[PDB]
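Shown next: structure-v8.pdb, given as PDB, N, CA and C atoms and all ligand atoms.
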```
ATOM      1  N   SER A  20      91.464  86.740 109.219
ATOM      2  CA  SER A  20      91.115  87.980 109.912
ATOM      3  C   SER A  20      91.064  87.886 111.461
ATOM      4  N   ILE A  21      90.371  86.887 112.060
ATOM      5  CA  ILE A  21      90.499  86.692 113.501
ATOM      6  C   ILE A  21      91.092  85.304 113.812
ATOM      7  N   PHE A  22      91.727  85.201 114.951
ATOM      8  CA  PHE A  22      92.298  84.004 115.438
ATOM      9  C   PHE A  22      91.506  83.511 116.628
ATOM     10  N   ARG A  23      91.132  82.232 116.569
ATOM     11  CA  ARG A  23      90.421  81.548 117.618
ATOM     12  C   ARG A  23      91.249  80.398 118.112
ATOM     13  N   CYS A  24      90.983  79.986 119.351
ATOM     14  CA  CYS A  24      91.544  78.773 119.881
ATOM     15  C   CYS A  24      91.098  77.612 118.986
ATOM     16  N   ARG A  25      92.072  76.852 118.530
ATOM     17  CA  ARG A  25      91.829  75.739 117.660
ATOM     18  C   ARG A  25      91.039  74.631 118.343
ATOM     19  N   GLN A  26      91.167  74.514 119.672
ATOM     20  CA  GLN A  26      90.475  73.468 120.432
ATOM     21  C   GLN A  26      89.019  73.720 120.709
ATOM     22  N   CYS A  27      88.625  74.937 120.984
ATOM     23  CA  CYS A  27      87.260  75.206 121.391
ATOM     24  C   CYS A  27      86.609  76.387 120.680
ATOM     25  N   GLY A  28      87.370  77.141 119.892
ATOM     26  CA  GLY A  28      86.844  78.289 119.223
ATOM     27  C   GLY A  28      86.824  79.628 119.913
ATOM     28  N   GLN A  29      87.331  79.701 121.134
ATOM     29  CA  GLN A  29      87.417  80.966 121.860
ATOM     30  C   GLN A  29      88.114  82.015 121.015
ATOM     31  N   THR A  30      87.565  83.210 120.993
ATOM     32  CA  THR A  30      88.178  84.339 120.262
ATOM     33  C   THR A  30      89.404  84.821 121.017
ATOM     34  N   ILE A  31      90.530  84.913 120.311
ATOM     35  CA  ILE A  31      91.822  85.186 120.933
ATOM     36  C   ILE A  31      92.475  86.460 120.396
ATOM     37  N   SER A  32      92.585  86.612 119.093
ATOM     38  CA  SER A  32      93.292  87.762 118.541
ATOM     39  C   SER A  32      92.924  88.020 117.082
ATOM     40  N   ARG A  33      93.665  88.900 116.404
ATOM     41  CA  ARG A  33      93.373  89.361 115.050
ATOM     42  C   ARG A  33      94.650  89.512 114.292
ATOM     43  N   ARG A  34      94.549  89.287 112.979
ATOM     44  CA  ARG A  34      95.698  89.442 112.114
ATOM     45  C   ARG A  34      96.283  90.893 112.206
ATOM     46  N   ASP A  35      95.370  91.846 112.318
ATOM     47  CA  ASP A  35      95.724  93.263 112.438
ATOM     48  C   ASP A  35      96.607  93.558 113.651
ATOM     49  N   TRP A  36      96.573  92.678 114.658
ATOM     50  CA  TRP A  36      97.309  92.872 115.887
ATOM     51  C   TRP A  36      98.663  92.165 115.920
ATOM     52  N   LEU A  37      99.071  91.552 114.814
ATOM     53  CA  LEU A  37     100.416  90.972 114.782
ATOM     54  C   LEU A  37     101.449  92.071 114.967
ATOM     55  N   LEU A  38     102.528  91.772 115.656
ATOM     56  CA  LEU A  38     103.562  92.728 116.027
ATOM     57  C   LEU A  38     104.923  92.193 115.535
ATOM     58  N   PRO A  39     105.619  92.904 114.637
ATOM     59  CA  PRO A  39     106.987  92.500 114.244
ATOM     60  C   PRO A  39     108.108  92.729 115.273
ATOM     61  N   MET A  40     108.149  91.938 116.341
ATOM     62  CA  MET A  40     109.211  92.010 117.371
ATOM     63  C   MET A  40     110.532  91.545 116.768
ATOM     64  N   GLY A  41     111.558  92.391 116.901
ATOM     65  CA  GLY A  41     112.848  92.139 116.282
ATOM     66  C   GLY A  41     112.790  92.064 114.761
ATOM     67  N   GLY A  42     111.800  92.714 114.144
ATOM     68  CA  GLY A  42     111.613  92.666 112.691
ATOM     69  C   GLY A  42     110.749  91.538 112.127
ATOM     70  N   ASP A  43     110.229  90.639 112.960
ATOM     71  CA  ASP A  43     109.410  89.529 112.442
ATOM     72  C   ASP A  43     108.364  89.146 113.482
ATOM     73  N   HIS A  44     107.107  88.982 113.062
ATOM     74  CA  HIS A  44     106.082  88.498 113.997
ATOM     75  C   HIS A  44     106.279  87.012 114.364
ATOM     76  N   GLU A  45     106.948  86.234 113.496
ATOM     77  CA  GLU A  45     107.258  84.810 113.756
ATOM     78  C   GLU A  45     108.657  84.523 114.337
ATOM     79  N   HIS A  46     108.721  83.744 115.417
ATOM     80  CA  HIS A  46     109.973  83.382 116.084
ATOM     81  C   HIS A  46     109.876  81.893 116.423
ATOM     82  N   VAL A  47     110.793  81.070 115.938
ATOM     83  CA  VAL A  47     110.771  79.649 116.248
ATOM     84  C   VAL A  47     111.736  79.343 117.369
ATOM     85  N   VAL A  48     111.238  78.760 118.437
ATOM     86  CA  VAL A  48     111.989  78.697 119.709
ATOM     87  C   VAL A  48     111.788  77.346 120.359
ATOM     88  N   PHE A  49     112.697  76.966 121.244
ATOM     89  CA  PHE A  49     112.574  75.781 122.045
ATOM     90  C   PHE A  49     112.707  76.068 123.527
ATOM     91  N   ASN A  50     111.965  75.334 124.329
ATOM     92  CA  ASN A  50     112.017  75.441 125.785
ATOM     93  C   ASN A  50     112.997  74.415 126.364
ATOM     94  N   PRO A  51     113.174  74.402 127.693
ATOM     95  CA  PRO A  51     114.197  73.485 128.255
ATOM     96  C   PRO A  51     113.817  72.006 128.094
ATOM     97  N   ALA A  52     112.536  71.724 127.899
ATOM     98  CA  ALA A  52     112.054  70.387 127.573
ATOM     99  C   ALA A  52     112.232  69.999 126.094
ATOM    100  N   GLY A  53     112.794  70.889 125.285
ATOM    101  CA  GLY A  53     113.066  70.634 123.888
ATOM    102  C   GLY A  53     111.873  70.781 122.988
ATOM    103  N   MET A  54     110.777  71.323 123.495
ATOM    104  CA  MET A  54     109.573  71.510 122.723
ATOM    105  C   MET A  54     109.797  72.703 121.822
ATOM    106  N   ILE A  55     109.520  72.519 120.516
ATOM    107  CA  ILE A  55     109.658  73.567 119.528
ATOM    108  C   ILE A  55     108.294  74.274 119.419
ATOM    109  N   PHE A  56     108.322  75.602 119.385
ATOM    110  CA  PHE A  56     107.118  76.404 119.247
ATOM    111  C   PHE A  56     107.391  77.372 118.157
ATOM    112  N   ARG A  57     106.371  77.560 117.343
ATOM    113  CA  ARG A  57     106.410  78.664 116.356
ATOM    114  C   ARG A  57     105.512  79.727 116.929
ATOM    115  N   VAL A  58     106.140  80.802 117.386
ATOM    116  CA  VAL A  58     105.486  81.806 118.179
ATOM    117  C   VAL A  58     105.238  82.999 117.280
ATOM    118  N   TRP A  59     103.971  83.473 117.283
ATOM    119  CA  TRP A  59     103.612  84.701 116.634
ATOM    120  C   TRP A  59     103.422  85.745 117.739
ATOM    121  N   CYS A  60     104.008  86.917 117.534
ATOM    122  CA  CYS A  60     103.874  88.003 118.483
ATOM    123  C   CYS A  60     102.686  88.882 118.141
ATOM    124  N   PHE A  61     101.926  89.243 119.187
ATOM    125  CA  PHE A  61     100.740  90.045 119.033
ATOM    126  C   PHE A  61     100.812  91.145 120.059
ATOM    127  N   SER A  62     100.414  92.353 119.624
ATOM    128  CA  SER A  62     100.286  93.457 120.548
ATOM    129  C   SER A  62      99.195  93.261 121.553
ATOM    130  N   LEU A  63      98.119  92.592 121.141
ATOM    131  CA  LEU A  63      96.938  92.437 121.966
ATOM    132  C   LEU A  63      96.358  91.061 121.774
ATOM    133  N   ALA A  64      95.663  90.582 122.768
ATOM    134  CA  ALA A  64      94.893  89.329 122.695
ATOM    135  C   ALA A  64      93.841  89.412 123.760
ATOM    136  N   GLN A  65      92.867  88.539 123.657
ATOM    137  CA  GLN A  65      91.759  88.431 124.603
ATOM    138  C   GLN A  65      91.428  86.966 124.790
ATOM    139  N   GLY A  66      90.584  86.660 125.746
ATOM    140  CA  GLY A  66      90.050  85.291 125.917
ATOM    141  C   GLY A  66      91.042  84.310 126.559
ATOM    142  N   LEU A  67      92.160  84.811 127.030
ATOM    143  CA  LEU A  67      93.215  84.025 127.657
ATOM    144  C   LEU A  67      93.034  84.110 129.155
ATOM    145  N   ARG A  68      93.707  83.201 129.839
ATOM    146  CA  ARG A  68      93.848  83.247 131.275
ATOM    147  C   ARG A  68      95.344  83.154 131.531
ATOM    148  N   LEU A  69      95.899  84.188 132.160
ATOM    149  CA  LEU A  69      97.348  84.208 132.456
ATOM    150  C   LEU A  69      97.584  83.604 133.798
ATOM    151  N   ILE A  70      98.513  82.677 133.901
ATOM    152  CA  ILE A  70      98.658  81.892 135.143
ATOM    153  C   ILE A  70     100.067  82.024 135.703
ATOM    154  N   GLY A  71     100.122  82.018 137.031
ATOM    155  CA  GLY A  71     101.358  82.016 137.782
ATOM    156  C   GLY A  71     101.990  83.382 137.859
ATOM    157  N   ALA A  72     103.201  83.411 138.375
ATOM    158  CA  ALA A  72     103.909  84.668 138.608
ATOM    159  C   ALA A  72     104.842  84.853 137.419
ATOM    160  N   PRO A  73     105.109  86.102 136.987
ATOM    161  CA  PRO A  73     106.082  86.253 135.890
ATOM    162  C   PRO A  73     107.460  85.679 136.217
ATOM    163  N   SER A  74     108.145  85.181 135.188
ATOM    164  CA  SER A  74     109.457  84.591 135.364
ATOM    165  C   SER A  74     110.316  85.054 134.213
ATOM    166  N   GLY A  75     111.549  85.425 134.505
ATOM    167  CA  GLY A  75     112.546  85.718 133.470
ATOM    168  C   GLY A  75     113.252  84.463 132.978
ATOM    169  N   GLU A  76     113.119  83.347 133.699
ATOM    170  CA  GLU A  76     113.955  82.147 133.442
ATOM    171  C   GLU A  76     113.724  81.632 132.014
ATOM    172  N   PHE A  77     114.821  81.498 131.285
ATOM    173  CA  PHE A  77     114.823  81.001 129.907
ATOM    174  C   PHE A  77     114.034  81.878 128.933
ATOM    175  N   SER A  78     113.765  83.134 129.279
ATOM    176  CA  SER A  78     112.963  83.954 128.426
ATOM    177  C   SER A  78     113.580  84.045 127.043
ATOM    178  N   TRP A  79     112.742  83.911 126.018
ATOM    179  CA  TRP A  79     113.190  84.011 124.648
ATOM    180  C   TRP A  79     113.316  85.447 124.198
ATOM    181  N   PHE A  80     112.795  86.411 124.958
ATOM    182  CA  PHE A  80     112.790  87.787 124.502
ATOM    183  C   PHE A  80     113.514  88.600 125.569
ATOM    184  N   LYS A  81     114.632  89.166 125.168
ATOM    185  CA  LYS A  81     115.537  89.858 126.073
ATOM    186  C   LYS A  81     114.787  90.953 126.798
ATOM    187  N   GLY A  82     114.890  90.993 128.134
ATOM    188  CA  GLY A  82     114.302  92.052 128.960
ATOM    189  C   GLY A  82     112.862  91.762 129.397
ATOM    190  N   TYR A  83     112.266  90.646 128.940
ATOM    191  CA  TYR A  83     110.886  90.323 129.278
ATOM    192  C   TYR A  83     110.786  89.117 130.147
ATOM    193  N   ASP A  84     109.854  89.190 131.095
ATOM    194  CA  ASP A  84     109.451  88.077 131.912
ATOM    195  C   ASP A  84     108.130  87.532 131.342
ATOM    196  N   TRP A  85     107.915  86.225 131.468
ATOM    197  CA  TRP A  85     106.745  85.604 130.856
ATOM    198  C   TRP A  85     105.833  85.041 131.906
ATOM    199  N   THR A  86     104.566  84.994 131.524
ATOM    200  CA  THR A  86     103.562  84.218 132.246
ATOM    201  C   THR A  86     102.884  83.331 131.216
ATOM    202  N   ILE A  87     102.516  82.137 131.617
ATOM    203  CA  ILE A  87     101.857  81.200 130.734
ATOM    204  C   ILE A  87     100.426  81.708 130.442
ATOM    205  N   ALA A  88     100.043  81.697 129.171
ATOM    206  CA  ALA A  88      98.709  82.070 128.714
ATOM    207  C   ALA A  88      97.952  80.826 128.268
ATOM    208  N   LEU A  89      96.917  80.479 129.019
ATOM    209  CA  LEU A  89      95.971  79.429 128.626
ATOM    210  C   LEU A  89      94.770  80.040 127.899
ATOM    211  N   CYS A  90      94.130  79.242 127.048
ATOM    212  CA  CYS A  90      92.789  79.569 126.625
ATOM    213  C   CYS A  90      91.923  79.682 127.846
ATOM    214  N   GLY A  91      91.221  80.812 127.982
ATOM    215  CA  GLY A  91      90.327  81.041 129.116
ATOM    216  C   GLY A  91      89.125  80.143 129.135
ATOM    217  N   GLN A  92      88.822  79.543 127.995
ATOM    218  CA  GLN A  92      87.660  78.721 127.881
ATOM    219  C   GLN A  92      87.995  77.262 128.134
ATOM    220  N   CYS A  93      88.938  76.716 127.365
ATOM    221  CA  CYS A  93      89.223  75.315 127.434
ATOM    222  C   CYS A  93      90.496  74.921 128.159
ATOM    223  N   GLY A  94      91.340  75.874 128.499
ATOM    224  CA  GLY A  94      92.559  75.569 129.273
ATOM    225  C   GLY A  94      93.769  75.161 128.403
ATOM    226  N   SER A  95      93.625  75.127 127.073
ATOM    227  CA  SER A  95      94.735  74.779 126.165
ATOM    228  C   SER A  95      95.855  75.788 126.320
ATOM    229  N   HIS A  96      97.111  75.322 126.328
ATOM    230  CA  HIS A  96      98.238  76.241 126.377
ATOM    231  C   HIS A  96      98.406  76.950 125.026
ATOM    232  N   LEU A  97      98.140  78.242 124.984
ATOM    233  CA  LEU A  97      98.181  79.011 123.743
ATOM    234  C   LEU A  97      99.408  79.868 123.595
ATOM    235  N   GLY A  98     100.166  80.051 124.664
ATOM    236  CA  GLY A  98     101.433  80.777 124.582
ATOM    237  C   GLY A  98     101.785  81.452 125.884
ATOM    238  N   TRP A  99     102.293  82.666 125.769
ATOM    239  CA  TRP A  99     102.817  83.421 126.896
ATOM    240  C   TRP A  99     102.446  84.887 126.774
ATOM    241  N   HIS A 100     102.295  85.535 127.916
ATOM    242  CA  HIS A 100     102.253  87.008 127.961
ATOM    243  C   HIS A 100     103.626  87.470 128.487
ATOM    244  N   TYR A 101     104.166  88.465 127.821
ATOM    245  CA  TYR A 101     105.505  88.985 128.127
ATOM    246  C   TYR A 101     105.343  90.375 128.736
ATOM    247  N   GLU A 102     106.073  90.650 129.799
ATOM    248  CA  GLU A 102     106.024  91.933 130.512
ATOM    249  C   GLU A 102     107.371  92.279 131.132
ATOM    250  N   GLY A 103     107.465  93.473 131.716
ATOM    251  CA  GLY A 103     108.651  93.941 132.387
ATOM    252  C   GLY A 103     109.770  94.445 131.492
ATOM    253  N   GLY A 104     109.505  94.527 130.168
ATOM    254  CA  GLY A 104     110.491  94.968 129.204
ATOM    255  C   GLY A 104     110.277  96.405 128.786
ATOM    256  N   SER A 105     110.793  96.763 127.609
ATOM    257  CA  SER A 105     110.713  98.157 127.105
ATOM    258  C   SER A 105     110.406  98.159 125.624
ATOM    259  N   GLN A 106     109.521  99.044 125.172
ATOM    260  CA  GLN A 106     109.240  99.196 123.730
ATOM    261  C   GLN A 106     108.930  97.878 122.995
ATOM    262  N   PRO A 107     107.778  97.238 123.251
ATOM    263  CA  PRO A 107     106.793  97.656 124.265
ATOM    264  C   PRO A 107     107.059  97.013 125.617
ATOM    265  N   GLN A 108     106.370  97.501 126.630
ATOM    266  CA  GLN A 108     106.478  96.935 127.968
ATOM    267  C   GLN A 108     105.950  95.503 128.007
ATOM    268  N   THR A 109     104.880  95.244 127.277
ATOM    269  CA  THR A 109     104.205  93.977 127.252
ATOM    270  C   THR A 109     103.790  93.562 125.841
ATOM    271  N   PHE A 110     103.597  92.255 125.612
ATOM    272  CA  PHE A 110     103.046  91.726 124.339
ATOM    273  C   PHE A 110     102.712  90.218 124.587
ATOM    274  N   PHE A 111     102.042  89.584 123.620
ATOM    275  CA  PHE A 111     101.751  88.173 123.720
ATOM    276  C   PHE A 111     102.556  87.405 122.677
ATOM    277  N   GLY A 112     103.090  86.234 123.058
ATOM    278  CA  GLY A 112     103.687  85.316 122.067
ATOM    279  C   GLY A 112     102.782  84.097 122.057
ATOM    280  N   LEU A 113     102.030  83.924 120.984
ATOM    281  CA  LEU A 113     101.061  82.842 120.870
ATOM    282  C   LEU A 113     101.557  81.771 119.901
ATOM    283  N   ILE A 114     101.260  80.531 120.224
ATOM    284  CA  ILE A 114     101.672  79.356 119.452
ATOM    285  C   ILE A 114     100.738  79.238 118.234
ATOM    286  N   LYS A 115     101.302  79.483 117.065
ATOM    287  CA  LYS A 115     100.535  79.610 115.827
ATOM    288  C   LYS A 115      99.679  78.356 115.570
ATOM    289  N   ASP A 116     100.230  77.181 115.803
ATOM    290  CA  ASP A 116      99.474  75.987 115.416
ATOM    291  C   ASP A 116      98.423  75.604 116.446
ATOM    292  N   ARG A 117      98.262  76.405 117.526
ATOM    293  CA  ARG A 117      97.178  76.238 118.451
ATOM    294  C   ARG A 117      96.023  77.176 118.206
ATOM    295  N   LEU A 118      96.126  77.977 117.155
ATOM    296  CA  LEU A 118      95.148  78.927 116.710
ATOM    297  C   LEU A 118      94.574  78.532 115.359
ATOM    298  N   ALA A 119      93.363  79.022 115.106
ATOM    299  CA  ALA A 119      92.676  78.826 113.840
ATOM    300  C   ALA A 119      92.274  80.198 113.339
ATOM    301  N   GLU A 120      92.488  80.459 112.051
ATOM    302  CA  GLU A 120      92.202  81.762 111.473
ATOM    303  C   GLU A 120      90.877  81.730 110.663
ATOM    304  N   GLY A 121      90.102  82.796 110.746
ATOM    305  CA  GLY A 121      88.830  82.846 110.070
ATOM    306  C   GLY A 121      88.140  84.200 110.088
ATOM    307  N   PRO A 122      86.931  84.257 109.488
ATOM    308  CA  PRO A 122      86.215  85.521 109.319
ATOM    309  C   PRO A 122      85.845  86.181 110.650
ATOM    310  N   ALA A 123      85.820  87.514 110.677
ATOM    311  CA  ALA A 123      85.222  88.277 111.782
ATOM    312  C   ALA A 123      83.713  88.093 111.714
TER     313      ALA A 123
HETATM  314  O1  LIG A 201     110.064  82.706 127.003
HETATM  315  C1  LIG A 201     109.904  81.543 127.320
HETATM  316  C2  LIG A 201     108.617  80.856 127.686
HETATM  317  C3  LIG A 201     108.993  79.367 127.696
HETATM  318  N1  LIG A 201     108.618  78.735 128.913
HETATM  319  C4  LIG A 201     108.255  77.461 128.981
HETATM  320  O2  LIG A 201     108.134  76.772 127.968
HETATM  321  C5  LIG A 201     107.958  76.907 130.338
HETATM  322  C6  LIG A 201     108.971  76.654 131.264
HETATM  323 CL1  LIG A 201     110.629  77.062 130.926
HETATM  324  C7  LIG A 201     108.697  76.094 132.501
HETATM  325  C8  LIG A 201     107.388  75.766 132.789
HETATM  326 CL2  LIG A 201     107.034  75.044 134.326
HETATM  327  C9  LIG A 201     106.355  75.992 131.897
HETATM  328  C10 LIG A 201     106.650  76.545 130.660
HETATM  329 CL3  LIG A 201     105.339  76.839 129.533
HETATM  330  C11 LIG A 201     110.496  79.348 127.629
HETATM  331  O3  LIG A 201     111.216  78.385 127.871
HETATM  332  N2  LIG A 201     110.911  80.610 127.326
HETATM  333 ZN    ZN A 202      90.274  76.855 123.863
END
```

Starting from the file, give its structure as structure tokens.
Ligand SMILES: O=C1C[C@H](NC(=O)c2c(Cl)cc(Cl)cc2Cl)C(=O)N1
Ligand SMILES: [Zn+2]
Amino acid sequence: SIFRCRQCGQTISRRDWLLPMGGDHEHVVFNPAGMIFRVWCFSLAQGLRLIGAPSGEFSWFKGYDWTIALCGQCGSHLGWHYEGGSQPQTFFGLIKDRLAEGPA
């Protein structure tokens, strides 16, 4: 029902807020360092700290620029916030295995 940061327990998001971007909330992707991420898309999230300036470089989602999303509490890299696109303008792509699911 809710998703917390796996490292410290910070409240991050909810199952109800999963978003099927391109028909699926799950997207498996790699960055230029070859790191594989299983990214779940969410319409909304909280408890994050978004860092740096948005960048389109290597964006996995056409038309969106990303900013890195850290856990606001412990600093763990939890994913990205996506903006500058259309339908929707913004969303979060969070790394599934950095989250823990549990009761509200
Ligand atoms: O949509 C995205 C987000 C994802 N970005 C990254 O992994 C990334 C890059 Cl490329 C550079 C730095 Cl300095 C830090 C990070 Cl976290 C990517 O490659 N495509
Ligand atoms: Zn945390």

Can you list every residue in chain A that DSSP puts in helix (DSSP H, G or I), as a CSV table (one decimal) with N, CA and C atoms, in the coordinates of the input?
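So the final result, stored in result_11.csv, reads:
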```csv
chain,number,residue,atom,x,y,z
A,34,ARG,N,94.5,89.3,113.0
A,34,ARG,CA,95.7,89.4,112.1
A,34,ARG,C,96.3,90.9,112.2
A,35,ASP,N,95.4,91.8,112.3
A,35,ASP,CA,95.7,93.3,112.4
A,35,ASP,C,96.6,93.6,113.7
A,36,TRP,N,96.6,92.7,114.7
A,36,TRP,CA,97.3,92.9,115.9
A,36,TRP,C,98.7,92.2,115.9
A,40,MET,N,108.1,91.9,116.3
A,40,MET,CA,109.2,92.0,117.4
A,40,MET,C,110.5,91.5,116.8
A,41,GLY,N,111.6,92.4,116.9
A,41,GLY,CA,112.8,92.1,116.3
A,41,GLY,C,112.8,92.1,114.8
A,42,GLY,N,111.8,92.7,114.1
A,42,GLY,CA,111.6,92.7,112.7
A,42,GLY,C,110.7,91.5,112.1
A,115,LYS,N,101.3,79.5,117.1
A,115,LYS,CA,100.5,79.6,115.8
A,115,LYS,C,99.7,78.4,115.6
A,116,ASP,N,100.2,77.2,115.8
A,116,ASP,CA,99.5,76.0,115.4
A,116,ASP,C,98.4,75.6,116.4
A,117,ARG,N,98.3,76.4,117.5
A,117,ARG,CA,97.2,76.2,118.5
A,117,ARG,C,96.0,77.2,118.2
```

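Near ligand LIG 201 (chain A), at distances of 6.5 Å or less and with all atoms listed in the file counted, sit the residues residues 49, 50, 51, 52, 76, 77, 78, 79, 80, 85, 87 and 99 of chain A.
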
Give me, as a PyMOL selection string, the set of residues whose atoms come within 6 Å of any atom of ligand ZN 202 (chain A), counting all atoms listed in the file. chain A and resi 24-29+90-95

Give as a VMD selection string the residues that the PyMOL selection byres (((chain A and resi 97) around 6) and not hetatm) matches when applied to the coordinates above. chain A and resid 88 to 90 95 to 96 98 to 99 112 to 114

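Distance-wise, atom N of residue 62 in chain A and atom N of residue 111 in chain A end up 5.1 Å apart.
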
Students should find that CA of residue 105 in chain A and CA of residue 22 in chain A are spaced 26.0 Å

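Nearest to residue 43 in chain A of all the residues A:110, A:21, A:70, A:59 is A:59, counting only N, CA and C atoms.
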
Go through the shown structure with the PyMOL selection byres (((chain A and resi 123) around 6.5) and not hetatm) and write out the matching residues as a list in words.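 Evaluating the PyMOL selection byres (((chain A and resi 123) around 6.5) and not hetatm) on these coordinates yields residues 20, 21, 121 and 122 of chain A.
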
Quick one: write out the picked residues with N, CA and C atoms as a CSV table (one decimal), in the frame of the given file?
```csv
chain,number,residue,atom,x,y,z
A,20,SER,N,91.5,86.7,109.2
A,20,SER,CA,91.1,88.0,109.9
A,20,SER,C,91.1,87.9,111.5
A,21,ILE,N,90.4,86.9,112.1
A,21,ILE,CA,90.5,86.7,113.5
A,21,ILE,C,91.1,85.3,113.8
A,121,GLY,N,90.1,82.8,110.7
A,121,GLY,CA,88.8,82.8,110.1
A,121,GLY,C,88.1,84.2,110.1
A,122,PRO,N,86.9,84.3,109.5
A,122,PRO,CA,86.2,85.5,109.3
A,122,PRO,C,85.8,86.2,110.6
```

Centre and edge lengths of an axis-aligned box around all listed atoms of range 21-39 of chain A, with 4 Å added on each side, are to be given in Å to one decimal, as lines of an AutoDock Vina configuration file.
```
center_x = 97.4
center_y = 83.5
center_z = 117.0
size_x = 29.5
size_y = 28.1
size_z = 17.8
```

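Between atom C of residue 68 in chain A and CA of residue 32 in chain A the separation is 13.9 Å.
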
In terms of all atoms listed in the file, the residue from A:117, A:100, A:60, A:86 at minimal distance from residue 74 in chain A is A:86

Looking only at strand (DSSP E) from DSSP on the backbone, list the matching residues of range 28-120 of chain A as a PyMOL selection string. chain A and resi 30-33+45-49+55-61+67-74+84-90+96-102+110-114+118-120

Residue nearest residue 56 in chain A among A:83, A:106, A:120, A:115 (counting only C-alpha atoms):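 Between A:83, A:106, A:120, A:115, the residue approaching residue 56 in chain A most closely is A:115.
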
Do you know which residues are at most 6.5 Å from residue 103 in chain A counting only N, CA and C atoms, after dropping those on the same chain fewer than 2 positions away, and could you put them as a PDB file with N, CA and C atoms, in the coordinates of the input?
```pdb
ATOM      1  N   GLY A  82     114.890  90.993 128.134  1.00  0.00           N
ATOM      2  CA  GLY A  82     114.302  92.052 128.960  1.00  0.00           C
ATOM      3  C   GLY A  82     112.862  91.762 129.397  1.00  0.00           C
ATOM      4  N   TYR A  83     112.266  90.646 128.940  1.00  0.00           N
ATOM      5  CA  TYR A  83     110.886  90.323 129.278  1.00  0.00           C
ATOM      6  C   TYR A  83     110.786  89.117 130.147  1.00  0.00           C
ATOM      7  N   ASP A  84     109.854  89.190 131.095  1.00  0.00           N
ATOM      8  CA  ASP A  84     109.451  88.077 131.912  1.00  0.00           C
ATOM      9  C   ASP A  84     108.130  87.532 131.342  1.00  0.00           C
ATOM     10  N   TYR A 101     104.166  88.465 127.821  1.00  0.00           N
ATOM     11  CA  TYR A 101     105.505  88.985 128.127  1.00  0.00           C
ATOM     12  C   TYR A 101     105.343  90.375 128.736  1.00  0.00           C
ATOM     13  N   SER A 105     110.793  96.763 127.609  1.00  0.00           N
ATOM     14  CA  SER A 105     110.713  98.157 127.105  1.00  0.00           C
ATOM     15  C   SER A 105     110.406  98.159 125.624  1.00  0.00           C
ATOM     16  N   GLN A 108     106.370  97.501 126.630  1.00  0.00           N
ATOM     17  CA  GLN A 108     106.478  96.935 127.968  1.00  0.00           C
ATOM     18  C   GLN A 108     105.950  95.503 128.007  1.00  0.00           C
ATOM     19  N   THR A 109     104.880  95.244 127.277  1.00  0.00           N
ATOM     20  CA  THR A 109     104.205  93.977 127.252  1.00  0.00           C
ATOM     21  C   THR A 109     103.790  93.562 125.841  1.00  0.00           C
TER      22      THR A 109
END
```
